[PDB]
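Below sits a lone chain in structure tokens, taken as the form deposited in one PDB entry.
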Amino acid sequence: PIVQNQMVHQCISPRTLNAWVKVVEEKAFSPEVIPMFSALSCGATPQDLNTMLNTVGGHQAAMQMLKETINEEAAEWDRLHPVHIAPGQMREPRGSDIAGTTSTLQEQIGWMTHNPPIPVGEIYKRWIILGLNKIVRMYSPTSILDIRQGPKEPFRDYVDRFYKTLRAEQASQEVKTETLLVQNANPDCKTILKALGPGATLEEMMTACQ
């Protein structure tokens, strides 16, 4: 990554490398893996991001889908930012340079530490997260329509299952409580929730069915 000493390059740490490999091994593509990826790649160059992705051993269907998404975003970058070499001068990055495929570490450091900075690490991380979002959605095991409270299931446990599924499915903010959460509750809790009226908070609903 790039850190303050002046902005300088520092090697990716064994702690960082191991943390990422282990979270993928333990959590696969549960939604919380994405914020962990983003945090572990703080200040990362494109090289660092590729290291992190390349160190993953399993899940090669997912990694190939990610590669496709990256290539699509690279192509769209080039369409929106075409480029027309001067001795010792900084060249303009293409999509493949942002993805670390046709750029050197030194070029990446040059862009990231320029004034004004061209944040190729942040741009590439955006594309990677777009790809991971698609994978998380595809690998979500359950539709929100199929999360229904059991006859003997505590309301708290049902709500945990409901919002876990909703997070993975990644519907729009508008689509993403006053509707399906009540409809999918069990007969006894539904009767209680209906009586609360419109505009009840989640806290109030959970208290009511506790």
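Definition used throughout: the rigid core is the maximal C-alpha set that superposes within 1.5 Å between two forms. The first residue of the sequence shown is number 1, and the count goes up from there.
### Query
How many residues sit between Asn5 and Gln6 in the deposited sequence but have no coordinates: none, 1 to 3, 4 to 9, or 10 or more?
Gap between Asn5 and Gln6: 1 to 3 residues without coordinates.
### Task
Could you bin the unmodelled part of the deposited chain lying between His84 and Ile85 as none, 1 to 3, 4 to 9, or 10 or more?
The entry has 1 to 3 unmodelled residues between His84 and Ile85.
### Query
For the C-alpha atoms alone, is the average B factor greater in 41-49 or in 138-146, going by the entry?
Comparing averages over the C-alpha atoms only gives 138-146.
### Mean Cα B-factor comparison, 88-96 or 75-83, giving the higher one as deposited
Averaging CA B-factors over each stretch, the winner is 75-83.
### Task
Using the temperature factors in the entry, find which of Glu169, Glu153, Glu178, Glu68 has the highest value at its Cα atom.
The record points to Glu178.
### Query
If you rank the chain by CA B-factor, which third does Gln183 end up in: lowest, middle or highest?
CA B-factor rank for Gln183: middle third.
### Query
Among the chain's modelled residues, which third holds the C-alpha B-factor of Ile118?
Highest third.
### Query
In terms of the chain's CA B-factor thirds, is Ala195 lowest, middle or highest?
Within its chain, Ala195 is a highest-third residue by C-alpha B-factor, going by the deposited values.
### Query
For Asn133, does the deposited CA B-factor place it in the lowest, middle or highest third of the chain?
Bottom third by C-alpha B-factor.
### Task
Among all modelled residues of this chain, ranked by Cα B factor, put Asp160 in the bottom, middle or top third, i.e. lowest, middle or highest.
Within its chain, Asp160 is a lowest-third residue by C-alpha B-factor, going by the deposited values.
Keep in mind that the form deposited in another entry is not shown, yet the notes after this line are about it.
### Residue shift check between this form and the one not shown, rigid core fit, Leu193 Cα at least 2 Å
Indeed, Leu193 is displaced by 2 Å or more.
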